[PDB]
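Chemist: let me see the structure of the following:
(4 chains, ligands or ions: 6)
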Amino acid sequence: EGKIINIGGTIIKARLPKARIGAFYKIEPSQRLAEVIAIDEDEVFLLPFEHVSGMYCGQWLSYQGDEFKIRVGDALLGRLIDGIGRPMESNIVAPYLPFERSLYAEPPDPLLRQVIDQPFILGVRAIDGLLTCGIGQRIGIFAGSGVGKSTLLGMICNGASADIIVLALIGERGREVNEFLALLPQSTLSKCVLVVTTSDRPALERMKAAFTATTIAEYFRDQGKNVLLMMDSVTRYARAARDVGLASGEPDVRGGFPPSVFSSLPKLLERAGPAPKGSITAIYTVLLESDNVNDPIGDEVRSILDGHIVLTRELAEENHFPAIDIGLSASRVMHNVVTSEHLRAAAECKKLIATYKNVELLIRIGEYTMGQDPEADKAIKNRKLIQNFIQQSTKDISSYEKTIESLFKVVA
Amino acid sequence: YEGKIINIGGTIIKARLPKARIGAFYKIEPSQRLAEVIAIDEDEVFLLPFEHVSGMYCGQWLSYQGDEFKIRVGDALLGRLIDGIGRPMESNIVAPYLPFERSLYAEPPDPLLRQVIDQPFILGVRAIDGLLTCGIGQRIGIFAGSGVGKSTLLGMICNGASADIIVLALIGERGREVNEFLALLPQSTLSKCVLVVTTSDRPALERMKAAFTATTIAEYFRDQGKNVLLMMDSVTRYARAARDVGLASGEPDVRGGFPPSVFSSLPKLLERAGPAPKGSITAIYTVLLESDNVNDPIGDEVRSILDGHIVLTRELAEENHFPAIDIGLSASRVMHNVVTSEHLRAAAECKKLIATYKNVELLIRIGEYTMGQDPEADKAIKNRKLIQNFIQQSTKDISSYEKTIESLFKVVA
Amino acid sequence: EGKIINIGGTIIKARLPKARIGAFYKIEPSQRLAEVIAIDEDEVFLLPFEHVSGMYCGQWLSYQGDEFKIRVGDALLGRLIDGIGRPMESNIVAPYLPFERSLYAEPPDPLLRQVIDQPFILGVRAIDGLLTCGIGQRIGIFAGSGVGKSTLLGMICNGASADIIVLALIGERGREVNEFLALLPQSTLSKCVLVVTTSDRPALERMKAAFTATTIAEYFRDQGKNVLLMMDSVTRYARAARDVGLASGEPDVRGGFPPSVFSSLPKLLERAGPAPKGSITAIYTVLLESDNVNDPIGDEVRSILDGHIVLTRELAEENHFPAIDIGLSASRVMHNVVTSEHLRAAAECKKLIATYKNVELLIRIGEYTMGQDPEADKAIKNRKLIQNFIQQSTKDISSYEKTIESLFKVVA
Amino acid sequence: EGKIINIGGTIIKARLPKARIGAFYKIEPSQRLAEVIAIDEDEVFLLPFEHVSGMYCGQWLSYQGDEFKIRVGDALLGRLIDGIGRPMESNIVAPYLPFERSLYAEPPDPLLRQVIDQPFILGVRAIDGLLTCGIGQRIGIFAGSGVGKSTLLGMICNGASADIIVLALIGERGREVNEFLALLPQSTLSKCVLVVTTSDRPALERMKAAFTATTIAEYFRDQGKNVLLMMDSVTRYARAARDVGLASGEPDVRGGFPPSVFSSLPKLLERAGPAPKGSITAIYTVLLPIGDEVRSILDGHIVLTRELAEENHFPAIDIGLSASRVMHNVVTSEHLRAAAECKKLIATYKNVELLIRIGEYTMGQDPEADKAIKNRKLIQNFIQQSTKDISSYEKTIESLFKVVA
Ligand SMILES: Nc1ncnc2c1ncn2[C@@H]1O[C@H](COP(=O)(O)OP(=O)(O)O)[C@@H](O)[C@H]1O
Ligand SMILES: Nc1ncnc2c1ncn2[C@@H]1O[C@H](COP(=O)(O)OP(=O)(O)O)[C@@H](O)[C@H]1O
Ligand SMILES: Nc1ncnc2c1ncn2[C@@H]1O[C@H](COP(=O)(O)OP(=O)(O)O)[C@@H](O)[C@H]1O
Ligand SMILES: [Mg+2]
Ligand SMILES: [Mg+2]
Ligand SMILES: [Mg+2]
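Modeler: Numbers count the residues shown, from 1 in each chain, chains lettered A, B, ... in the order given. Ligands and ions are numbered 1, 2, ... in the order given. See the structure here:
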């Protein structure tokens, strides 16, 4: 037991002699749980699973657990789970999950990871013709606010070729859990797990949803089947962890973020990828703070992740959707996957896009003798062909062969 | 009786009173004024008074009133003005019989019961119905600088739109304006409208809780099963009041001022107004920006919370392009569901025509544009004065939803 | 009765047990004053009315009242007032004032404001034809340093006919008291109260002088008079409040300023407007920290007041006086005041000003051929008529009728 | 023995006297270990390597010594190793490691720099014909992303004139270590000792991997051997030491980096040069606020541009703006002038390509460009070879001699 002596907005400070970090306590009069996040030799910083309704001084605590585990198993497809691990829907009968796992595992050994050599057919024509994703790659989608990170996941998840899909909705609107279900048919809903926590929810449900989704992805990986994982705004995880750690006596470092965010983010983000048996392939939506690249939580996620898709709102103004900026974006694993003519044609049309992005100024001003600079002469004649290759509709999914045949047409 | 105020100054008082709940409020015993407990330490607690802090002294006794501040709603407050605390503003009246006492803080609907919105909510403005398009159940925001177009466009929307109940929250704004909003809305609209008025002179608490009062009244008239239009002018006044309360209570400073309480308590308010099992709330929140940059702390946060954003630019108000909404920089996140394919395709073509002229505009002014060497630049010029009569609109004009479609089809050709 | 325990440079603090906040005290041996602003269980922060040089630890504080109230009356007309209510001019007898008023009163109730619909002529043609002032409108004049703020208030001191002129000169040059007494005739000076504190005076006396001007204007409003209040550089009040609020231990929320200067600027600017009995029409001069309009106090006072008249340095260097930028200027009540043909004539004139600033570099370099655009030729032919309608010398005043007839002549 | 007072996220505070700065402490039951950054009078601010969850008030600290030193031997060759010297896998038992030495040593002063000779044949025809390095020349490769740096480093681990080949992989990705170890043969992998540490690994050992690699390579320097020392992405060492310095508490100076990384990085890489008892040739990579700081601190920098790898020209090297400061000390004047006329033979081809485009291309005089356009094929077969075309030093110079002809 122990006494509660301090009630802030986010965190609780209590008196517990020799309490363990992670060891969760429930509150005796009112059934609500809390998890210890710091020690101050008698003053323990606990973090409650819920809201702070009435929290008087000297309210008691009681010991419940050594660390917080979730309950997983095969009887989990087609369900909706919150960040804690509880079933969110109440229309369905209560499941049977045989196994329990801790949320903090350790990544696979880097000597035993495989080599990515088979493409991940994705659906979008730019992210298959120009930036091919491999099965086992961890790509990321960097954009501002309302630039189209959520649509692009709809375009991917609609036409995705995975054996099993784990979709995490961290810290985001509850208006849209039904809109991700509205574009998932039952053929790709009978094998999908949605782990959803809303921005209404408290700080550590919103902080631990990423770990719950990664633990579930690791379970269906350790059965032996490759699995897609999609986190929507891992920046909502990073800002939940910032709010948790910063209100516990831990200083600012670079953007308001404590050291523990930069210490706990490359352990979440690294336990995907290849494995001795199976492979998680993951897609991390990252919400940039402003429209800059001097962002302390978008720059390191660009640094420790192979493949960054930079969406630009300076292309979303011209109604160019999806707003993929091919100049600022790259995929590290397309020189290990696709054929040599595919690499050559993709680099050819990236040259054509980059040449048209500075030749048209001397088109509008009348200084253009067609014939002297050959590359620009092929970058304007193939303008509308490239533009109808790059931007596509939300409901237009296309197989990998059609993307590469239109690629060979638009280069030739 | 119970505790003693030991610290007076700024926005919050601090008192020594033990076994205090959080959120419970307390009457200052010789003074009839009362205060909410916002943060608890071992024996000293942070309180937030409802009124001015002047006149207080150390050891002033602090009696107990209740465990939670609740407001009092009923059906008998249509056509009537409400304060931020919950009291009625006007004193000419006989006070209503408001029977149902609702708590101020409540929970959003279940995310699995909020259905997909697919019915257009007709406002009346041609740009925001033709190019962008609202839906019955979304929550849209109007982002602008200081004195650009927010309250003029919200008056146009309140003039043109129709709903069963209209809750209009004039929080944090000048007192001159409560008569202009009562002037430009008709008698039939005043038969179904509740104003929640908090002027900018009022304390941090009234200016902080008037938004939750308006959202609670909209939830009450939603639970009866009516399509209620919520309109909240300057939700950033809530954000500034939560800032100085949370900083006075001793919190850090992330994203330019603004404690973690602000960014963690905006979604606990803005997620409460949408589709629902019974009824729906169509919320319209105006946002004031600390410069003309849209990428504010609060501007970017509220843009990443809401369902659609209408960004108004000062550089279009310098040219009398009213309403000053910037079509390339604004967007509506539900118009692909609420309208057919011809309108969506024609709106896409018109938005691209506007962006094409914005690229062509500067090198016409300094005089270096050449006609003929680009087919779609000239198409963005040959139509331009035709599209502007669709994109800019007088204040005393409402436009039907079928005239908007036929004007857009004539513009786009 | 209590003793001072430190002196900080701006504020002092003392050991007063159980003191009221807002109450003021005499520093007992040496005859000065201070007032309580914050309490720390026996240690009160005090803001002295004078300079702090000479004090020492253990210096007593006798009690004098619970609130610093000024002595107001009807015999203030025609005489000059120190920043805290005292008379200045020692050449004549002390006036007799009957009543006491505190400096902190409430605004009129918002249901009793009676939306403003009568014009208030100023004498300047740009703030008659193209902007228009209502009786009860509070207006701001936003500019940089030495751009023409005081010159324009001197223009509209002898042009605006109001019943009582209460002019405040807070935080400005001591040299100017005579110059604003050399622009007012005796038919104006017999009804003009002139409250003035200069840049020398202590931080309390520059903080608490705008409240003195508003309290005198409210005493003359409650008799039924149409008061014209006008303040010089209200940002001098904002900077005095910044200095005291940072000395008293408040954070730095935006651009240098505490939150208490942002929360106490509306409850000074909201008292001057339309009322049930009488009215105060006010004109606040605002100095900006650069020539940017997006200063923090510039932005906040723009979001409080009912109209902003932006003077730019560029037009002053162009010798375009008065330097009003018509694009950045707005009057929030012009449409409730002027007639509709006046309104559309004003909108057409502002359209012509913007169209000339579009086509000016096109005609100067030599690409504009006479006849292409059917509005730019209107603007070019009416340029000089617009320009000598906009410009005005200091000693020229225009009426309302001649201004609108010249507006109709110039715009068509 | 030393109890732990409290835990602050990443900074532990213990109550123990007679501590040292840099004294690696040790959890006694859990066999986790922690390192000291600052002391109070009686308390000590220290920070751990491993995880934090599980630590309560009163855990004991084995003091375990005074500074952490790695067990170095001749039996490290062909064996994986972590960033603090411990072995990677338990698949092979650890061999005999009879000698120990600290990570920190005193360098000679920069005023006593030496002349350099004994040309360092390194494998790729471009620099080993044109930018020819020596035994003491430490080289900094500047290469962005999508440019093929790993294949270049792997093909210059092959055919390098090094008896011992120490390579440090620092902070990188768990797939890239296998993708790099695949393209090294057993003829090389029986000769390397190679430090790997991934981004999951803590920042403290992700900066001690640099000192571990330099310490092992300087022990193998002392046995009368020449040794090559690679370090991929010095910028990852910079961000690791930045996290260690800012978690310890330091005001940033330029960008977000503390001054302690600018204290350590010269002290990291102006040591390990041409020692007379056997020497150590360094190859450091830096991706494209510290880039000028690196190319002004070591001699002879290679740049790689992915614009040059837009074509199928691997290695993605540009000769026109990559330099090697010490060739005149190393190679003769004849080969130096031949390589110089080749550099200015290539460097006028893009100075003549832009006038191929507009219709004014004339003859009559193109004295650096007319011989280039006719003899371009031997150029682009000379500075363009495969992934496993290791060229001898005697045939690179002859091939360059009929390239200049
Ligand atoms: N591929 C697309 N096609 C059409 N519209 C798009 C596309 N991508 C984004 N948009 C527009 O941008 C708006 C917001 O994008 P969203 O995905 O909601 O942003 P975020 O994921 O960053 O919250 C949507 O209303 C949508 O109409
Ligand atoms: N659609 C419009 N038609 C006419 N005038 C407008 C329009 N929009 C803005 N304005 C002018 O700009 C001024 C400021 O707009 P306002 O709505 O008061 O800004 P705020 O957003 O701060 O409330 C108004 O007085 C108005 O006359
Ligand atoms: N209408 C005008 N005619 C002539 N000079 C002017 C006019 N308006 C401004 N100026 C110039 O600007 C100077 C300083 O302006 P002032 O009003 O004193 O600046 P501030 O805004 O700093 O008080 C005037 O003395 C004059 O030189
Ligand atoms: Mg989203
Ligand atoms: Mg407004
Ligand atoms: Mg002045």
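Chemist: hey, let's count contacts and neighbours off CA atoms from now on
Modeler: OK.
Chemist: now residue A:96: closest residue in space, sequence neighbours ignored.
Modeler: Sequence neighbours aside, residue A:75 is the residue nearest to residue A:96 in space, at 6.3 Å (criterion: CA to CA, 6 or more residues apart in numbering or on different chains).
Chemist: actually residue A:84, not the one I typed
Modeler: residue A:205 (5.8 Å).
Chemist: what's the first helix or strand after the helix or strand the one you found falls within?
Modeler: Assessed by DSSP states H and E, residue A:205 sits inside helix A:203-222. Counting by DSSP H and E, the next helix or strand C-terminal to helix A:203-222 is strand A:227-232.
Chemist: so what's the backbone phi/psi at the residue nearest the centre of chain A?
Modeler: Centroid-nearest residue in chain A, with CA atoms, centre = their mean: residue A:284, separated by 2.3 Å. With angles defined as degrees, to the nearest 10, residue A:284 sits at phi -110, psi 110.
Chemist: for it, which residues are in contact?
Modeler: The contact partners of residue A:284, by CA atoms under 8 Å, 6 or more residues apart in numbering or on different chains, come to A:138, A:139, A:140, A:141, A:230, A:231, A:232, A:233, A:234.
Chemist: likewise for residue A:283?
Modeler: Per CA under 8 Å, 6+ apart, neighbours of residue A:283: A:138, A:139, A:140, A:141, A:228, A:229, A:230, A:231.
Chemist: elements contacting the helix or strand harbouring residue A:244?
Modeler: Secondary structure assignment for residue A:244, by DSSP H and E: helix A:234-246. In this structure, helix A:234-246 packs against strand A:165-172, helix A:203-222, helix A:259-268, strand A:279-287, with contacts taken as 3 or more CA pairs under 8 Å, 6 or more residues apart in numbering or on different chains; DSSP states H and E.
Chemist: residue contacts, the nearest residue to residue A:282 once chain neighbours are set aside?
Modeler: Excluding the flanking residues, the one nearest residue A:282 by CA to CA, 6+ apart is residue A:229, at 4.4 Å. For residue A:229, the contact set (CA under 8 Å, 6+ apart) comprises A:165, A:166, A:167, A:168, A:213, A:214, A:217, A:280, A:281, A:282, A:283.
Chemist: buried ones in stretch A:276-283?
Modeler: A:278, A:279, A:280, A:281, A:282, A:283 (16 or more other CA atoms under 10 Å in any protein chain shown).
Chemist: and it, anywhere near ligand 1?
Modeler: No - taking CA under 6 Å from any ligand atom as the criterion, stretch A:276-283 and ligand 1 are apart, separated by no less than 13.2 Å.
Chemist: most neighbours out of the contacts of residue A:283, which is it?
Modeler: Most neighbours among the contacts of residue A:283, by other CA atoms under 10 Å in any protein chain shown: residue A:138, with 28 neighbours.
Chemist: how far away is the closest residue to that one other than its chain neighbours from residue A:267?
Modeler: Once flanking residues are discounted, residue A:138 sits nearest to residue A:282: 4.9 Å by CA to CA, 6+ apart. Shown here: residue A:282 relative to residue A:267, a distance of 14 Å by CA to CA, to the nearest Å.
Chemist: again, but for residue A:137
Modeler: According to CA to CA, residue A:137 stands 16 Å off from residue A:267.
Chemist: out of these two, which sits in the more crowded spot?
Modeler: In terms of neighbours (other CA under 10 Å), residue A:137 is the more surrounded of residue A:137 and residue A:267; the figures are 26 against 18.
Chemist: which ones are touching that one?
Modeler: Counted by CA under 8 Å, 6+ apart, residue A:137 has contacts A:116, A:273, A:274, A:281, A:282, A:306, A:307, A:333.
Chemist: in CSV: these, plus secondary structure.
Modeler: Formatted as CSV, the contacts of residue A:137 follow (DSSP: H, G, I helix; E, B strand; the rest coil):
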residue, secondary structure
A:116, coil
A:273, strand
A:274, strand
A:281, strand
A:282, strand
A:306, coil
A:307, coil
A:333, coil
